[PDB]
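Peer 1:
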Amino acid sequence: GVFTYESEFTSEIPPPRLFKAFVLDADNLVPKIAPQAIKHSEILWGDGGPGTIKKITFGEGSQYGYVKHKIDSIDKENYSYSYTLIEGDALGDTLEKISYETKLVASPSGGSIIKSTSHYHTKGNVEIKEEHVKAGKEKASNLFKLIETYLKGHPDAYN
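Numbering (the deposited numbering), first residue to last: 1 to 159.
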């Protein structure tokens, strides 16, 4: 009853810089690099640690479009991030518990590798739609390629 999807890519920007921006600065990194997807970010629980809850908002239009992220684990030393999503118009009336996992590393060419993964938990006996899970792979991957330019252009970004 759970879906498992993983991705793998790399970048020339350092993972500790993109990590701090993605986890320790996602409140102003996503709404600044891509203001077309998220419009605001306000942690609802804790402050980013495990068990915390972040309320990300979108601005695709007037209709309110936001989601809730529950931090699951973090690796400021390995540059890894893991949280659980509980809200999101994309969950349709079938999905419920969402699991999100992201990991960063370094390559032999100096660049840095980025491994991401996500899961779904539908309530009852239903399944997600490829166009949905597949489209999410581009919404999460494309963003990762936007942050790489964030540090590749901003040598001061939390650095």
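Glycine included, every Cβ here is placed at the ideal spot set by N, Cα and C.
Could you name the residues that DSSP lists as bridge partners for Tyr66?
Peer 2: The partner list for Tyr66 (beta bridge, DSSP) reads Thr57.
Peer 1: As a quick exercise: from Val2, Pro14, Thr4, pick the residue whose alpha carbon is nearest that of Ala106.
Peer 2: Checked all of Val2, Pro14, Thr4; the closest Cα to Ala106 is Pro14.
Peer 1: Per the DSSP calculation, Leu85 is bridged to which residue(s)?
Peer 2: In DSSP, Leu85 forms a bridge with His69, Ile98.
Peer 1: I need the straight-line Cα distance from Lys152 to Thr117, nearest angstrom please.
Peer 2: If I take the Cα positions, the gap works out to 24 Å.
Peer 1: For the stretch 5–14 against the stretch 96–112, do three or more pairs of beta-carbon atoms, one drawn from each stretch, fall closer than 8 Å, so that the two count as touching?
Peer 2: The stretch 5–14 is in contact with the stretch 96–112.
Peer 1: Kindly identify the DSSP beta-bridge partner or partners of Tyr120.
Peer 2: Partner(s): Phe3, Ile98.
Peer 1: How many Å lie between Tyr158 and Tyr150 at the Cα?
Peer 2: Looking at the two C-alpha atoms, the distance is approximately 11 Å.
Peer 1: By Cβ distance below 6 Å, which residues in the same chain neighbour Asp27 in space, the five residues on each side in sequence not counted?
Peer 2: Same-chain partners within the cutoff: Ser41.
Peer 1: Does the count of Cβ pairs from the stretch 119–131 and the stretch 18–34 closer than 8 Å reach three?
Peer 2: In short, these stretches do not touch, since the Cβ pair count stays below three.
Peer 1: Among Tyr100, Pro155, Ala37, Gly61, whose alpha-carbon lies nearest the alpha-carbon of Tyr81?
Peer 2: Here the closest residue by C-alpha is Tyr100.
Peer 1: Along the chain, where does the alpha helix (DSSP H) that runs through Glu148 open and close?
Peer 2: Here the alpha helix (DSSP H) through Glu148 covers 130–153.
Peer 1: Check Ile33 in the structure and name its three-state DSSP category.
Peer 2: Residue state, collapsed to three classes: helix.
Peer 1: Going by C-alpha distance, which of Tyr64, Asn78, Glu96, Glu60 is nearest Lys70?
Peer 2: Ranking the options by Cα distance to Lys70, first place goes to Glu96.
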